[PDB]
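Just the one chain here, the form solved without its partner chain, laid out as structure tokens.
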């Protein structure tokens, strides 16, 4: 048998530095995890021991911390080059800065192929981008070759800013002929590497004839075989075995997110390229693995500009930004309004004639707002100020919730009102009225929401059976602050941009802000 070791990362999301266990800022270094310097160590160790190794990334290196804000992808090229990645698939977040922000710096600077078989361009862009990403790449490994075919979420236009000159084709439709082509070229070992989520990965494994292994991402899916090593709870075994339509067993892998783990899969192939066996597990990148000193030193050098950036003026406020708990856990607060307005602005995507924008609504728990910002420093707002407001390193995600669920969420928001608890909701694109004299669970007396399928945005009563797109913190999507109904009942969930970055971008764009309290939340 010919044995291949697939090392893989996905959804690293700008975690260049080691992080806390929850992937936020590293505070207690002796317990920190991940980061590229530690990843280097581990990959180097594995490559000393195993002869046939591929190191693959399944997309969404872009977006997640101040590294991406400042270096805009140059950090991704530079550090992925230094780890000698073999291939990367394009993720949705690779389009956050438009096509132009992908082409430079990542496509032009990567020393490894960047792949997606289901993205096509038209017009002058097609000529501009031709060959800068590829449907697949055939790589030599030992004395053999392995074909790697890429794919990207067809929902990318709703989840990033790819523009109107790129078309995201159905993955399976686009992949099959590329895999068929590889077979006619005598390439019998084929990895599908891509960025559409675990559920699509399993459909790819099932339906794309000739794929031997699927390496995925997007959904931040943790898979494990055995006792998990940290706090992440597995969605299934590693690898997850799919029985293909052609009758074969096809492993499917992912490795959570944020660079906390290195996916490690060993595949045995016969001479005809059939998978005989597959076994492995993600490897927790904890502090027992030393950070590579050279990589670390480079990271420390690159940090200097980040530190400088963090105290620069982003924009001005002429109003006090009231992020006090005495306000934001009790009533509409203007910091809440600002943040939810920035969340909707961040989620303006191209729309056809069906809607003015695909999403209009935002919720934000008051417990997520951790500081005010005083306007008396010549009105300046810096990233450092914003990091005090939003200190947890979270994202502002897009979910779909039935109106019933959202009504439950607002009843939860005030179920034990008066105790300064974190669940009280700040809003955008929603007007709510509470009557606190009613019984808990029956306190929402009006709930109106801004339409999307309309040419003129206006408010109408929430409908219990209708599904609404809502932007909200990943902390709430995951059931935090007691919002178990959101976790348990949501119909779709895609991770969004970094919290601080969302707000900082909105402030920069607006230049001078003046959020008011305006009656989004009232009490009878």
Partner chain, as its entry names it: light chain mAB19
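Numbering follows the first chain given and starts at 1.
- For the pair 431 to 439 and 261 to 269, the record assigns the higher mean C-alpha temperature factor to 431 to 439.
- The deposited model assigns a higher average Cα B-factor to 17 to 25 than to the other stretch when 498 to 506 and 17 to 25 are compared.
- Per the PDB record, 310 has a higher Cα B-factor than any other of 310, 220, 405, 153.
- Based on the entry's C-alpha B-factors, the most elevated value among 399, 179, 107, 342 belongs to 179.
- Sort the chain's modelled residues by C-alpha temperature factor and residue 297 lands in the highest third, per the entry.
- Residue 314: CA B factor lies in the highest third for its chain, per the PDB record.
- When the CA B factors of the chain's modelled residues are split into thirds, the value for residue 236 lands in the middle one.
- Compared with the other modelled residues of the chain, the Cα B-factor recorded for residue 71 ranks in the middle third.
- In the PDB entry, a CA B factor belonging to the lowest third of its chain's modelled residues is recorded for residue 362.
Quick note: we don't show the form solved in complex with its partner chain, though the next part is all about it.
- With the partner left out here, its partner chain still marks one of 210 to 218, 383 to 391, 257 to 265, 123 to 131 in the bound PDB entry; by a 4.5 Å heavy atom cut-off that stretch is 123 to 131.
- Checking 370, 248, 296, 137 for any heavy atom within 4.5 Å of its partner chain in the bound PDB entry turns up a single hit: 137.
- The partner is absent here; in the bound PDB entry, the one residue of 305, 181, 416, 237 having a heavy atom within 4.5 Å of its partner chain is 181.
- Shown alone here, residue 113 lies within 4.5 Å of its partner chain in the bound PDB entry, counting heavy atoms only.
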